[PDB]
Structures are given as C-alpha cells and as structure tokens.
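Each of two forms of one protein chain follows alone as structure tokens, named structure 1 and structure 2.
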Structure 1
C-alpha cells in the first residue's frame, strides 16, 4: 500500500548520486521539492523489493523517519518520491566536517536514531539498510546552544533481493547472519555508531570483498568507538549471535541513562 504518483506530477532536476540499483535526483512534486529515487531497468523481484520499501515507509510516521510521498510506476520505470532533507546524508557531511564534530553532537544523533529504530521495533518492522548514507540531516546544530536533527531514510531495494556480492559490499553495516532478521538492525545501528564516531569513516569500508568476508567468517570484531560512552553499547550490538543483541527499547534506555 502506497500512493501512486502520475509521471505528469513529477519533474526531475539534477543528479544527487547513485544508490543500490538506483539513481537519486532532486525533483519537484505537483510545487514541493522532493527526492526522486529512480530504479534501474529491473526484473520483477527487484521492483517488488522496491514496492515493499515504499509500502513499509508509507505506513509509518515518526519525527526521525523520512516521509515517502509515493511511487511512479509506468511501463519499465519505477520512481520512489521521497522527502528532500535540507543538508543531505550524514556520512558525506561528517567527512566534510572531520575533526570539528563534538562528542555531544554525536550522542544526540545516536539517540535520535535509536528512537526511530525503537519505533520500528515496536511495530515489528525491519529497515535492513541502517548506515550513515541513509541518515539525513534536517538541522546541523552548528550554532551555539542548538542540536542536530536527523531523519532515517527509506532502505531502498530490500536486502533479501540483492546478490551476495552486493551484501558483501554492505559490510560492516550488514549483519553477519544476512551474509549467507528482527535483530539485523541492531548490528547496522552499532556499525553506524562506529561510522559516526570516526567522522564518516566506517571500519573495513575500504577492504576488498574477500578480506571483508574473511573478517566475518572468522568472527573478528570491529574496533571500539572513539566515543567512550558508546563502547559498551557498540560491543553489545556488534555481537555475532543475533539473540545476544539488546532490544532498541534497551538501547534507547541505555542511551538516556548515560
């Protein structure tokens, strides 16, 4: 279930970048500034995983979740119309501001992200693509006495429809059980906290596919974060056994208790 957008209602503007089986553009709806996620020419199983994401995102509402306006489906074209968030992806921003992002700023982002994921967990919904690229900055929190404001974006094509090579490319955000899950987002959240702590440089992100697969096969563990208040929590989320990961209710409480 999602809103159908007619092709006449959307205008495509400049290219923002590439996603998994997609090209992202700034656009106009009706006029409202939006983002257009244009799926590549695809088989039906890929387009169905794109529809499942649009349906998931159309049935949720949370202050830290990005809005989905609908989907344009006509012949070979599939375009998801999503919320344009003022300052774009968190990973890109963190890399530009490297060395100048305070610890307190990172803690706020962590709590907002846990609140969005606690909301999804309570509705028994899995995101499957938690990473810095999918976290959007609505407010920067740069001025004295202000705080950042993030929105978790849609997960794009569902993990279940991707190739093994594409899953390997998602290491370290990919939960290890997904390599060959109501707990996969806890691992994705933990790897995103490391990515945030390291100013947008996630561990392993540069390693070759075979090096990434060996790390998981041997159950080597990711580094401790540079934020000392997040070390216990990241270690608990980044456990190979899925049943040992804490719930987002616990994660969100553990963050408020710091």
Structure 2
C-alpha cells in the first residue's frame, strides 16, 4: 500500500497549482528533500480512499519514467501526498512557453519515454487513468543543444472513479470516451497527450465549452490528425472509440523505436 508521514516532517512552501480536488505546493521533507505536496480538499471517505489508492499504485511501482511517492500525511480536513520534486515541472507549461521552438526529435524522445512507463504499467496490468501533458514532468529539459529530455509521469491524483460527470467532461480530450457515462483508457490518454505535444501544449477542444466537449464524444467525432505524419498512424489507432481496437503499449513502443 503506502508509507505514512507525520505532519512534523513536512514544510509547505510556494503554491504551484490546483488539481481535481487538490492544491499543489512545493515543500520540504525531513537530510532534507525537496518534495511536492498534493493537499486534498476537505473530502468524504470515498474521495480520500480514491486518493489513497493513487498513493498505493505509485508507492508499489518503480520505473525510471514514473514519479516517486514518499507517502501520505493525514492532517485534519486535509490529506497530503508527498511526492517527488522534478526540476522543471509540467511539460504542457514548457511546451507553451517554447511554442514553435521544440524539435520533432524532442517530441519523439518524450513519446517513447511515455510509452515505456505505460508499457511497464500494462505488463503489471495497472491503470494510470490521467495521462496528460500536465502530468508529465521534465527531470532534464533537453531543449538546449546536446541535451535530450528526461520525463517522469506524475501520480494520477484522485482516481477517476470518484469524479462527478462534470469533472470527467473537464478531462476531454484526454478522458477516454468509455469513461464518460481498463488499461485501454491509457491508450486514449496517451494518443490525446501525443496530440497536445505535437500542437506545442495546445490540446484540441481545450478552449471549447463543456456542452461542446460532451457533444463531440456524444456524436463520435474524431480528434484532429497530428501535424507530424510520423505519429498520425499511431494517434488514429489510439484515439478509436472502440477500446479493444487500441494497440498495446508493447506494439506502440516497437512502432516508435523504428
């Protein structure tokens, strides 16, 4: 399951963002490590249980491209997951700031590294369920000459099962359409993230309204094809409404290495 952390061992620093029912802060863990604290909102037992399952999944795994989870601190109305601090933070933010100046090869190295960590979770028959640019952290940047990127996939936060329909609609286009009303969902998540990467942090449908987003899935519309034809075949296969028709990560990984 997961390691337990005392309130005394953690220091909450600057605010980094807000997730689904969470607030993200930089922090210190006690000699002293830089950590990232995911503070759950005052929640019911079913919400908190979904949070512990997330901590468990991440605690019980080990992969070079998967972010480490130290444990969980239980403090009054808040629950605090203590996770790995990664030098450069989310990928989507860096993609928007570096818009137009990110090489194909850089995006191609990041695809393989994401497939590998997901291939690893596929072999263990485990589900991430929140693959998106925001959950991709850059350990090493790779935008500078002679540098190659190194990513770590973050924890998926509160499990998708505990979210309302409104919250699941907010996750379009990354949310697999079968989850709107299995490991197959991470292949859709992966395909949508590859489109976000290709479009330098701009996911299709991101700007559009919840009704427009729901309508797109309700009408079985397909997402745009990526700008780079090296991934067009892979994304079309991944972003199919039939879960069984999505390739395995073992296949995906072989297709990128060629």
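Numbering follows the first chain given and starts at 1. Whichever C-alpha set is largest while still superposing within 1.5 Å between the two forms counts as the rigid core.
Taking the rigid core as reference, the CA displacement of residue 234 between structures 1 and 2 comes to 0.2 Å. Here the rigid core is superposed, and residue 143 then shows its C-alpha moved by 2.9 angstrom between structures 1 and 2. If you overlay the core, the Cα of residue 73 moves by 1.1 Å between structures 1 and 2.
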